[PDB]
């Protein structure tokens, strides 16, 4: 169902008019090699440390060789102890990028979601229920809708290893219908997702390979979903994290102020 690549918006960063115009029309920005790659490597290594320490991964493996039997069998709460995301998001170099995007001082959510998904290529009964269906972060984050989601790869993604796919320009008609879907679950219970019918033909589904150092960010009403990891050439974990950022002056709601483990 993916029809296109993200547009490389990096050349827009030093042109406020063009940057704002693209974001207004499209509801996303794809920025390449703007984050400190050594900082990103450190986060990736921290995630690996967790997966190794918790018995899921091989201590002899490089990041790209890394694999785990199952996302679900890893203690996610313990993983949050390993991955030092707040120190990353709030590093002056990272903040500089966020500030250039918003054009004003920012506040980074105290909640981050960390994702460490093995390839399930070849699996006859794959476990993809922990992924996300089509949704808008604004459906469950608020009350303010001026936050943006910041999504980063910790190791590179491919079209086959997955990531997040975005319905281009789908952020301009408010929140769309999220209905119960038995194939997506959290805590063993079904979750709500936007049926593909509620996404227009013109709202092209974009997903592109990304490299550590890149950022994908998007509007509260941007309709987006997970792309499953079916990598085999080469087989890669999909290792990423996502938080939300907003203007420093905006109201700070429940998710803004509450760490992932607390709300989980």
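Residue numbers count along the first chain shown, from 1.
- For the segment pair 188-196 and 150-158, the entry gives 188-196 the higher mean B-factor, averaged over Cα atoms.
- Between 215-223 and 65-73, the higher mean Cα B-factor belongs to 65-73.
- Annotation for 205, 51, 29, 44: 205 ranks highest, by Cα B-factor.
- Annotation for residue 10: CA B-factor lies in the highest third of the chain's modelled residues.
- Compared with the other modelled residues of the chain, the Cα B-factor recorded for residue 127 ranks in the middle third.
- Residue 244 sits in the lowest third of its chain by CA B factor, as recorded in the PDB entry.
- In the deposited entry, the Cα temperature factor of residue 100 sits in the top third of values across the chain's modelled residues.
- When all modelled residues of the chain are sorted by CA temperature factor, residue 174 is found within the highest third.
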